[PDB]
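Student: Experimental structure and sequence below.
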Amino acid sequence: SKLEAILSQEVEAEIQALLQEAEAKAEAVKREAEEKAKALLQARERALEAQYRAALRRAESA
Amino acid sequence: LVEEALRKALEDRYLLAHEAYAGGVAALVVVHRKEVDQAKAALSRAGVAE
């Protein structure tokens, strides 16, 4: 039947829209997780090198 | 006479027939919600009752 095929089309269209929305969501999720992890790694070179340099400052002064 | 509205709807759709029990012919028409409600209004304009 026509509406046999049309309800099959509706199920396929809702599944395809569902998975496209899920693709956009998963891409934004891996984007935000990678941005947070790289903000971590960018902050850690500051948080470690500043400690190392201040240690050499006070060691040289001592 | 009632299937003119079904042909006015989607023709290869809308399973619409009368099986048996000739005291009153059980004209059942099944398509959808909204378009079937519009076609049911058109059939009641042609003369029909749920």
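Tutor: That came through fine. Numbering: from 1, shown residues only, chains lettered A, B, ... in the order given.

Student: from the chain's centre, how far out does stretch B:14-23 sit?
Tutor: 10 Å (Cα atoms, centre = their mean, to the nearest Å).

Student: again, but for stretch B:11-30
Tutor: Centroid separation for stretch B:11-30 versus its chain: 7 Å, with Cα atoms, centre = their mean.

Student: List the buried residues in it.
Tutor: Neighbour counts over stretch B:11-30 (16 or more other Cβ atoms under 10 Å in any protein chain shown) mark B:13-14, B:16, B:29 as buried. (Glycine included, C-beta is placed from N, CA and C.)

Student: So which of these sit within helices?
Tutor: Using DSSP state H, the subset of the buried residues of stretch B:11-30 located in helices is empty.

Student: Nearest to residue A:28 among those?
Tutor: Nearest to residue A:28 among those, counting by Cβ to Cβ, is residue B:13 at 39.4 Å.

Student: Surely that closest one touches residue A:6?
Tutor: Yes - here residue B:13 reaches residue A:6: they are 6.9 Å apart, a contact under Cβ atoms under 8 Å.

Student: Look up the closest residue to the spatially most central residue of chain B, ignoring the ones flanking it.
Tutor: The residue lying closest to the centre of chain B (Cα atoms, centre = their mean) is residue B:29, at 4.0 Å. In space, and not counting its chain neighbours, residue B:29 is closest to residue B:16: 3.7 Å by Cβ to Cβ, 6 or more residues apart in numbering or on different chains.

Student: contacting residues for the one you found?
Tutor: Contacts for residue B:16 (Cβ atoms under 8 Å, 6 or more residues apart in numbering or on different chains) come out as B:2-3, B:6, B:27-30.

Student: does stretch A:1-19 come close to chain B?
Tutor: Yes - applying Cβ under 8 Å from any Cβ of the partner chain, one finds stretch A:1-19 in contact with chain B at A:1-4, A:6.
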